[PDB]
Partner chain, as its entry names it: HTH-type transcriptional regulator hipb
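Single chain ahead, written as structure tokens, the form deposited without its partner chain.
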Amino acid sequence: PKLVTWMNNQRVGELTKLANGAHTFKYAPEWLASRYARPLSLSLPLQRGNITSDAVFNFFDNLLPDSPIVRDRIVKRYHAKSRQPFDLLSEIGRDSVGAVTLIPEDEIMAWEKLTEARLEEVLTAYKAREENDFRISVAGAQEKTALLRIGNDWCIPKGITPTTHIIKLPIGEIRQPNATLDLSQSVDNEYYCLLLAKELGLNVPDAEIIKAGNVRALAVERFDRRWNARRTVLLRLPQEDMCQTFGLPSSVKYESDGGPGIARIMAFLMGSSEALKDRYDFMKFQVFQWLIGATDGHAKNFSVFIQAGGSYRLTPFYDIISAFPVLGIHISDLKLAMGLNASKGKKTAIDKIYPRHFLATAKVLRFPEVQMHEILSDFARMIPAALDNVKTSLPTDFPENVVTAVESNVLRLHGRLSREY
């Protein structure tokens, strides 16, 4: 009933699942005495006592896919004891996001180099009614994996060996009453959004489209990993998402479900070690998501690195998908995951948002108006050249419809900035 918790080669504490199923956590006395001791989560501050709050269960549950559908698939794939975090983490808690390595109280750098055939088998095994909800991430079947890149080969790590890339497969088609959100090209969609963010100077990871037999996937370099100089040891870097940092369950990752939004995260970022820039980047990213029709910027898509002493700062942005390629669904149906608190009520309708809304929200959040104008002015001037630069760099087989759909819609919205800047 115990998973000993390690951050790379240092023993941090232990997660216990009691007979009644409660999850509790205790820090190791030696870790608490560690020179650069930091908490496993900002929701689990360093303390000597046994921690029994729900933040324990929620933190570890947040390390697993939040979709019940995927969980069952995982439960069956490894024959876990239950859908509970402890039982699923007892099987796959060796390599997750951040630096939490869990080892059953019971029981490196090794891997299996995959061949063209093995790669396809491995990836194909992960790929294979709705409502007036246009959210991409619901009780969906979308399940991403991870691989270890060694030299010029993709590999499956063995033991506690980490991975270097998050692998994402096509989302497929989400069907509702009288329509269907065609997300069969989400791999190319995300690749393009990541290139665009990068071109605009936003902090995001590099990614490449990988092709194995009949599989077309996105390999996103992980920023919660770092190789030593000899490329012989891959270390994990502590990080957690906004649900974890606030001690919330993944159930509330969307603001529309009671989750955190811009105001809570902005307040929390005042405590960042680089508060000034993190708040600026976070606000700049809200304008970016508006421009690109990104409707899935929920709380689990923003994370912080936990640094020595509990110090923290924003990680790069990630999991960016535009809803524009879905239109065919109306533009007026697109809503941001986190609304702009104006005064008369949060605004989420992308087609109804203009620069005045960002300035108004900035004012309420005490985000310097001069900074907001700087952000808006930058996109006013750079968007067109950025789109053209990104387009020119796309691969030979990139889907034209995706480019066209995103370009045209960004340009339409950019018109509202160029009119004021």
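Numbering follows the first chain given and starts at 1.
The next section is about a form of this same protein that is not shown, the form solved in complex with its partner chain.
### Query
Given that its partner chain is left out here, which of 125, 110, 141, 276 has a heavy atom within 4.5 Å of it in the deposited bound form?
In short, 276.
Identify whether its partner chain in the deposited bound form is within 4.5 Å of every residue in the set 175, 264 and 359, based on non-hydrogen atoms. Verified in the deposited bound form; spot residues all out of contact, no.
- Report the stretch among 41-49, 66-74, 381-389, 351-359 that approaches its partner chain in the deposited bound form to within 4.5 Å, counting heavy atoms only. The contacting stretch here is 41-49.
- Message: Is residue 159 near its partner chain? Define near as a heavy atom within 4.5 Å, in the deposited bound form.
- Response: Flag for residue 159 set to no.
query: Does its partner chain come within 4.5 Å of any heavy atom of residue 332 in the deposited bound form?
result: No - in the deposited bound form, heavy atoms of residue 332 and its partner chain never come within 4.5 Å of each other.
Applying a 4.5 Å heavy atom distance criterion, does residue 238 contact its partner chain in the deposited bound form? Yes, residue 238 lies within 4.5 Å of its partner chain in the deposited bound form.
**Item:** Contact of residue 3 with its partner chain in the deposited bound form (heavy atom, 4.5 Å)
**Value:** Close contact is absent here: in the deposited bound form, residue 3 is far from its partner chain, nothing within 4.5 Å, heavy atoms only.
message: For the stretch 1-36, I need every residue with any heavy atom inside 4.5 Å of its partner chain in the deposited bound form, listed N to C.
response: The stretch touches the partner through 7, 8, 10, 31, 32, 35, 36.
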